[PDB]
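Colleague: Here is the input, now give the coordinates:
(7 chains, ligands or ions: 8)
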Amino acid sequence: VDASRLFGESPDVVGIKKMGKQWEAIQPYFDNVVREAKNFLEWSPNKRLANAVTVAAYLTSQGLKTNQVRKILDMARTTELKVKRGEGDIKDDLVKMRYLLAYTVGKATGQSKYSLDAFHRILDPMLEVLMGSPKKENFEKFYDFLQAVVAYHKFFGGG
Amino acid sequence: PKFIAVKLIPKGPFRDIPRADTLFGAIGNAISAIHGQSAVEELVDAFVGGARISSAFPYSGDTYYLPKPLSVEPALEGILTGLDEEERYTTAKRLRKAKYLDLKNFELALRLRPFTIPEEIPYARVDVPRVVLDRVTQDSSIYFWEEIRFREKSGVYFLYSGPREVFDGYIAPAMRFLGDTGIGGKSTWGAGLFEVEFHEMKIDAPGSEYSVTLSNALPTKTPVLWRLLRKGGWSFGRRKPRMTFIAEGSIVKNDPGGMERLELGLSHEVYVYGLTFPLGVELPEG
Amino acid sequence: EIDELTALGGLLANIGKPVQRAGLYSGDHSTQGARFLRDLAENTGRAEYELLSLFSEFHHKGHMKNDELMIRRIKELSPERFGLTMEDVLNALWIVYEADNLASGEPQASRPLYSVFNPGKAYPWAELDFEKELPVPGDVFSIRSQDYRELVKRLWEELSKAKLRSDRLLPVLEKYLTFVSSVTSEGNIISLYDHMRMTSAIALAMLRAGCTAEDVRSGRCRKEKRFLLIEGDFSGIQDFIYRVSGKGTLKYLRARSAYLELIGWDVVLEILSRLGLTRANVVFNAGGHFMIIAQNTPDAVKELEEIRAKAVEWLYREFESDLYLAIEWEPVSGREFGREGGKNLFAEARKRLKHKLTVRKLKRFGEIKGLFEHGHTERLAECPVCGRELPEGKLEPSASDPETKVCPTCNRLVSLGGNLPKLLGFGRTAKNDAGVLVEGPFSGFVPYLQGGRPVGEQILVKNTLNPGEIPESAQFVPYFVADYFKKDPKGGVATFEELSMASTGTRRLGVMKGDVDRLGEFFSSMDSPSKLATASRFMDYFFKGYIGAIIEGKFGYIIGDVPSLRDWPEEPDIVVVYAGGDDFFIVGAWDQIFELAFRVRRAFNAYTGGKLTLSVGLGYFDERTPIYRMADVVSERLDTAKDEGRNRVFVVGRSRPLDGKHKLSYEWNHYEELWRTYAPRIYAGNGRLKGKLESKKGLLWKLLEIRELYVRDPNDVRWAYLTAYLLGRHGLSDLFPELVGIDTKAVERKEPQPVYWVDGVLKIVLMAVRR
Amino acid sequence: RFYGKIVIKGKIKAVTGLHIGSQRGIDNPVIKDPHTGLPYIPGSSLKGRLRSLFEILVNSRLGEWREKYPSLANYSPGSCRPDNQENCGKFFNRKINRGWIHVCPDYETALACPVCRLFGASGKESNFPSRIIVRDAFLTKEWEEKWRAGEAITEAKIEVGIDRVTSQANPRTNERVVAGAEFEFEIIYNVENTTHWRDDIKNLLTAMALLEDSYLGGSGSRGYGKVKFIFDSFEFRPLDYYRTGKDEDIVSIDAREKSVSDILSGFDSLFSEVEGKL
Amino acid sequence: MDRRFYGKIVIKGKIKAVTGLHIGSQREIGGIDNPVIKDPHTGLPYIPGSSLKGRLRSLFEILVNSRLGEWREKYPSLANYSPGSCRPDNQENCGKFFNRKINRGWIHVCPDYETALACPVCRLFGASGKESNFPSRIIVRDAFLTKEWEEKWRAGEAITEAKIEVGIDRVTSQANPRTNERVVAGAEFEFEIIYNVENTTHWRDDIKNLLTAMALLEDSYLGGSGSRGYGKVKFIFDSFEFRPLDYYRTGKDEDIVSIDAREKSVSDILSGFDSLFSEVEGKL
RNA sequence: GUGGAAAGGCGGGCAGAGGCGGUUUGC
RNA sequence: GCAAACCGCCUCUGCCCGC
Ligand SMILES: Nc1ncnc2c1ncn2[C@@H]1O[C@H](COP(=O)(O)OP(=O)(O)NP(=O)(O)O)[C@@H](O)[C@H]1O
Ligand SMILES: Nc1ncnc2c1ncn2[C@@H]1O[C@H](COP(=O)(O)OP(=O)(O)NP(=O)(O)O)[C@@H](O)[C@H]1O
Ligand SMILES: [Mn+2]
Ligand SMILES: [Mn+2]
Ligand SMILES: [Mn+2]
Ligand SMILES: [Zn+2]
Ligand SMILES: [Zn+2]
Ligand SMILES: [Zn+2]
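Modeller: Numbers count the residues shown, from 1 in each chain, chains lettered A, B, ... in the order given. Ligands and ions are numbered 1, 2, ... in the order given. Structure data below:
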């Protein structure tokens, strides 16, 4: 019933809002299918919004405190300020983004391990593609995906 | 026939799509400014013994629009015989109501063939509100002023037939002066300004005893099918009396019109452009 | 006279049908129709009802046999008491008999009048009084004899106190016999009035044509062009009325529509009172467009060309090529009225005549002969209101500001605009009389006030069928007009600056314009003159009569529930500039114009049996925009909702992507479904929002900025997650749940998103809270 | 009589935000192109703000310009609003609908006034046209390519109104242009008389100097103005140019010069070829 | 009636946020709750003209409210005002000093032109009104960062921070945290106030009345929760200049320049006002 | 020999009031 | 041997006035 409620593009946005062990594997195999999507610059279409609904649904069932993610959300913010005719190289700052991402999972101790497990599992294979990459492209598709994770985090009852 | 399409590429909003009486008033003010009084009389004598200009018509990116001839409203049962009656009524109602046609559909409308309308008119009549402010107390006084706001690649153009030395000596210097001053409207607000390009238009018009006018004509005899246009403008502050033109698309028969002179109390005499721009057309039985 | 006895012959011969449905005597209503008129001649009547009972007894061919049973009864009943001859009174019965078949082209039951729009739905019997009763064609009920017994009782009262004369009996029969069927059959949609109004029209036009009793007996009057269909239309009405400047705040502009309708009646009644015809010969007169059946004599063709000459040459002197009246005529025969074989002949003669109206409007003032010839006239100026070129010296100071030098034909309309509450019609007399405000092409009209005695040979009375204080030697012409208007604390018409200061929300002017769609195709299904006359009054009565009864707040169960911001008040600030024909133009407060657009059109869905629709254009403007600009926009917006799926009502000026997939006009069933969901979650009633959303409009104002990212390009999906975040932190996950996710089926159906069709429910409710 | 058309080109730099309203999801929209939605500065909003600033400049110097300009002797400093009659002895003589504005009523008086000679008058049986043409300043192509790239060009700023006693807040929203937006302006002076054309340029460049320290449109006193003119090139376009089309007009060069570097710091040094052809 | 022009007294300098500054907007997906306003082009915070011109007016209307028996002998149209507000009786114009309902607040704005010509508040900040409408004489422009705080933004220093505050429930000792972005203390903006000299009779007072409101602003706060630390603004003046009428016609540097580059805002309204503005009085 | 000539969508309005990064006990 | 339970926004306002 959990994989049947998660169709290709958008089966139900408010249907999953009213809905533990059902999507404990159905969303996680889809998060592994999101982890199978190693090329971030592979889906200009609705698939980014289709993934990020299923990405943020597996994490809203766990904690995923936004105030701990804001160290990365302001890291994607201040470097998007560097996109708007400020710099041309975020190579010295995506490593700083990945340094604080290890500091993100390295600080949150307690019951927020499996929430930060999939948060470590999804972003970092896309960031390794972003290592030797341009920044005007392959990052806009990443950051529009990065906005869509937090946007459905609040819609399904997070904070 | 082969004409010369004088394109006008706008540098702002117009006040109205110009007409043939307010292009010849604008050209005659241009020749009186850069040549003098002795060349305006040579200009009026060239439109009598020679060829003339048409009204201004819109375009949109090498799709030249031309007015729908009035020859097709009595024909409109016979034009659309090959259409089923569930939509033949409303096809002919949007076709009788139309105002402009493409260059291919104009050449079909001259021969009484099935043609289509355009979906996008290249401008809009927008109401920009202005205000009047006191210089001491900043007191507002709103009034409403309407403009013609064109699209990205669109503009207006008119046609010219005649000899070349009349064009290259009078009309071609007039359009470079009139690009920096305006064509009607509040030209001190940067309204009637444009750039100019000279091109080549070819129109397939059939040969018959009837013809359609592509300009305001002021006919001498009575035309065959017409659409009245009652206007009269201004001339150096003096007001022109309203005169009964016929709009473009009207059908005349061996009728050249005639430029009428007026007095108006000025030093010179004021000519109102009453000549026609004929292209052949096919009619029904009346 | 045989003239007044033929017109009152065919009009008063099919009477006797409603006493057969009531059962007052032994049947075969030609027998009872004689014994109803002959009974009326006894008690409080003259001896001419004794002779008008011959017409109601020698038709349907049941008595006119062997040409001798007619003589034995008309011998003792003496025509010598009046002036008629034995040959003459026998001649008029054959004229009425032939005219009965020329208007129908065709039992023993009691079956109602079926609707001309749906033949499967029928009308209950009602009065034509335009109060409390919208006749909605419902389930077919056999009308009881207790209802026809009360029809005859009200009719017996009214025929006695009315003068035996054609202009006095036509409003009597129009009140009572409107919703009575002519021939009691299955799906008969011809009214009994419109079969008697069109039998007396053909019968008098046969007498004027000169055909006699042997031209009827031998069939000579059929297959010979002895009839003549007059049809006339005004061209330039939209440029005539609304093209005025920022003067005359809605009292003048409402008097432009009343003065144009007086030009219409001054030409129609000039044809009737000069060809010898009656008002029954008018098939219809609906919206600057009329149709008259006349006679085909060379004395009439010579006189119609002089009526057309003097009317056009009048219009050009007064209205400088702003309004034209094309009048045409087409000779038809007796077989032309009825359907022959399977090919309709009456719609064919109506298309031959409509083609002559088309080719004459393309020759706009050809019969002037000084039209394209110039002329030196000195010292001319323009009226500041309407912009007509007059020689100054004819200009004069107005009554509003004495500095403004207006033309004399617009000081007569500001005064007439001030008397529209205090006006029960007009009196039509000669040009050079006292008391004449406005002048038509043939006759001057005097204002018939509330109190006073009228003057005029023909007295037009508005919105009633009752000659109250009219002299007994004058002609009564009843005409209807939609005359609802908001009043100020004074008695006069409200103002553009006063209607828009009682709108629940921001200050805008509400201007609507809408007409019946594909109506000319419906009028081609009519195959007789009586069926055309039935179909052209009921559509005319909706805009003439059944549009004031909507704004008064009636029709509660038939309309039901509509998109309403505030509840429907007892005094709606709504001004009907015009309604009539098929179109209406109504201004008012923009929060009640919007409700009335879905309240008129829901009432039109039940007036017709669902088979005809409206299409409404809507605009929201400033008060200080002039009405020549607030009409050219809505007429463009009316045509915008008409070159589309045609059932569509434009609502608000909306931006949309340039792909061609999106359309600016809501369909009617689409938008009304989008009100039942979206309104009870963000709106509560009377200008206020819901709970847990009070002072939270920063959601809803910025929600349109989310939608404007969709308008730039629908190829982006950025509006989908931005919707879910802004609804998220406010706790409003239940409100608007189908706006966060995209619709996968909609792209497969190639239709716009639900974020596209949510603008016109938000934007109306946004601006109807204080804004 | 016609001699040429002095063409002034350059850029308008919105150093602070820009509001020019229309009153039609922001409660106060700015004007926009009806087809694309790009904002623009009109010609009416830029000519009437040059005229308003220059009429106040002449109002303070009526008695001091009596000998360079005639028809300033007919006027007294002040408005005609208390003594409610048009064309009276005061300076703001014409009433349009509610406001009083200096417009000279005669051809031979507007030809001697410094305001109505340049900005034009209306008259009764006079109708003196103006000499400058102020085009609509649209966004430059550096800023339309930023518009196509998904950036925003107009923000939404939420001010408030606060009671001095209870501190009740009452907010509204004002859309204005993002600070920094380059425009492209255009002013075409029309040389009718060859004597007083130095005066009509030094008066036009004076009203641009006033406009840099004043505001253009919107609230302004709350910081919705701060316009700054960056000139690009001047032209002359002589009478010989329009007859034959051969490109030998006089081009004065100011690639990056101010409105103060152009008015006396270059006025003889740049227009020396323009003065030589008269 | 009789609006003139003599010059534009331009007051420049630098706004110095000694404690953290906060001027907020309404809501980007991830970010700090209650955000500071920002320039949409450069992505940096700033101070509006509206948040500075209205704040100087709000501190000055209250100071005139407390003296309606000392300014009124020097300023007419203060006999029409009795101290207090129109909050009890919901009329616009009565004898109370705060005589306009803006939407729900009461703000002293004079109703007419010739009434506002003699008010000490509304001759400087301007007014509105039916049939007569007195515009302002000062214009306040938006204060962006200085040039030395663009470099610190490019170097990577935090121009803002995120202070977290807790509204403690009194009985249960329950926390309730939320975040507040604030411009970091020591950050330095650049203000711009331009007084428009229209009458040479009364400009001595309108400069002193403008510096009166500035001296009240260094003692009060500017934006945000300034009763909890978020204010403490300080003015560092650069250049009092005059810009006479002959400046805009010639274009040479004919402007009178008063130099007080290292002085205090109360050290300009101090006795020595008529010494620093001695050359301005010689030009009128 | 231009349905023309002249006309600032403008004046006044603080995103502000209130609020200790805290307490509870153990796993 | 050392940390985790909970708390992440609450409630007021939201265009007036003039042509
Ligand atoms: N007195 C009136 N006031 C307002 N509208 C009216 C009045 N009388 C008629 N109308 C309506 O105005 C509409 C417009 O008429 P008209 O200007 O002739 O347009 P049109 O008939 O479609 N053009 P054309 O084909 O040349 O006649 C008519 O169809 C009537 O329904
Ligand atoms: N009540 C009426 N009785 C008879 N004729 C009418 C009536 N109302 C309108 N007409 C005429 O019928 C025609 C309807 O024209 P029009 O208003 O264009 O609608 P249409 O032809 O059906 N096309 P549409 O625009 O979709 O309504 C016109 O010639 C009107 O004058
Ligand atoms: Mn018509
Ligand atoms: Mn219709
Ligand atoms: Mn219609
Ligand atoms: Zn008039
Ligand atoms: Zn002047
Ligand atoms: Zn005051």
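Colleague: When you work out contacts or count neighbours from here on, use the C-alpha atoms and nothing else.
Modeller: Fine.
Colleague: What residues of the strand or helix carrying residue D:275 count as buried?
Modeller: Taking DSSP states H and E as the criterion, the element that holds residue D:275 is helix D:272-276. Within helix D:272-276, the residues that qualify as buried by neighbour count (16 or more other Cα atoms under 10 Å in any protein chain shown) are residue D:274.
Colleague: Mind listing residues that contact it?
Modeller: Applying Cα atoms under 8 Å, 6 or more residues apart in numbering or on different chains, the set of residues contacting helix D:272-276 from outside is D:236, D:250.
Colleague: so how far is that helix off the chain centroid?
Modeller: From the chain centre to the centre of helix D:272-276 is a distance of 25 Å (Cα atoms, centre = their mean, to the nearest Å).
Colleague: Can I get it as PDB, trimmed to CA atoms?
Modeller: Taking C-alpha atoms only, helix D:272-276 is exported to PDB below (Å, rounded to 0.1, in the frame of the first residue of the first chain):
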ATOM      1  CA  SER D 272      33.000  73.900 -30.200                       C
ATOM      2  CA  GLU D 273      32.400  72.000 -33.500                       C
ATOM      3  CA  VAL D 274      28.600  72.400 -32.900                       C
ATOM      4  CA  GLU D 275      29.000  76.200 -32.500                       C
ATOM      5  CA  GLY D 276      31.100  76.300 -35.600                       C
END
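Colleague: any idea whether the nearest residue in space to residue B:178 that is not next to it in sequence is helix, strand or coil?
Modeller: For residue B:178, ignoring the flanking residues on the chain, the nearest one in space by Cα to Cα, 6 or more residues apart in numbering or on different chains is residue B:30 at 6.8 Å. What DSSP: H, G, I helix; E, B strand; the rest coil gives for residue B:30 is helix.
Colleague: which residues touch residue B:30?
Modeller: When the contact criterion is Cα under 8 Å, 6+ apart, the partners of residue B:30 are B:174, B:177-178.
Colleague: Then residue B:153?
Modeller: For residue B:153, the residues meeting the contact criterion (Cα under 8 Å, 6+ apart) are B:60-61.
Colleague: That one and ligand 4, how far apart?
Modeller: Counting by Cα to the ion, to the nearest Å, the separation of residue B:153 from ligand 4 is 36 Å.
Colleague: how close does that residue sit to residue B:166?
Modeller: The gap separating residue B:153 from residue B:166 is 30 Å, by Cα to Cα, to the nearest Å.
Colleague: Please apply the same query to residue A:58.
Modeller: For residue A:58 relative to residue B:166 (Cα to Cα), the value is 80 Å.
Colleague: who has more neighbours, those two?
Modeller: residue A:58 (22 against 16; other Cα atoms under 10 Å in any protein chain shown).
Colleague: Surely the more buried one is in a strand?
Modeller: No - inclusion of residue A:58 in a strand is not indicated when three-state DSSP is applied; the result is helix.
Colleague: wait, it sits on residue A:21?
Modeller: No - counting by Cα atoms under 8 Å, residue A:21 is not a contact partner of residue A:58; they are 11.2 Å apart.
Colleague: Apart from its neighbours in sequence, what residue is nearest residue C:444?
Modeller: Looking at residue C:444 with Cα to Cα, 6+ apart, the closest residue is residue C:431, at 4.6 Å.
Colleague: And the residue of the stretch 51-200 of chain D that's closest to chain E?
Modeller: Relative to chain E, the nearest point of the stretch 51-200 of chain D is residue D:78 (3.7 Å; Cα to the nearest Cα).
Colleague: helix/strand/coil for the residue positioned nearest the centre of chain C?
Modeller: When chain C is reduced to its mean C-alpha position, the closest residue under Cα atoms, centre = their mean turns out to be residue C:540, at 2.9 Å. Residue C:540 carries the three-state label helix when classified by three-state DSSP.
Colleague: How about it, nearest residue that isn't a chain neighbour?
Modeller: The shortest distance from residue C:540 to any non-neighbouring residue, by Cα to Cα, 6+ apart, is to residue C:581 (5.4 Å).
Colleague: what's around that neighbour, how many residues?
Modeller: Using other Cα under 10 Å, residue C:581 is surrounded by 22 other residues.
Colleague: Now do the same contact list for it.
Modeller: With contact set as Cα under 8 Å, 6+ apart, residue C:581 has these partners: C:286-288, C:539-540, C:543.
Colleague: Repeat the analysis, applying 7 Å as the threshold.
Modeller: With contacts defined as Cα atoms under 7 Å, 6 or more residues apart in numbering or on different chains, residue C:581 is in contact with C:286-287, C:540.
Colleague: which one of those is nearest ligand 3?
Modeller: Top of the list for closeness to ligand 3, among the contacts of residue C:581 and by Cα to the ion, is residue C:287 at 7.3 Å.
Colleague: Doesn't the closest one belong to a strand?
Modeller: No - Residue C:287: not assigned to a strand; according to three-state DSSP it is coil.
Colleague: Distance check, it against chain D.
Modeller: To chain D, residue C:287 is 35 Å away according to Cα to the nearest Cα, to the nearest Å.
Colleague: Quickly note the distance from residue D:136 to chain C.
Modeller: Between residue D:136 and chain C the computed distance is 24 Å (Cα to the nearest Cα).
Colleague: er, residue D:212 I mean
Modeller: The spacing between residue D:212 and chain C, counted by Cα to the nearest Cα, is 33 Å.
Colleague: quick one: which helix or strand includes that residue?
Modeller: helix D:198-213.
Colleague: Please apply the same query to residue C:135.
Modeller: With the criterion set as DSSP H and E, no secondary-structure element contains residue C:135; it sits in neither a helix nor a strand.
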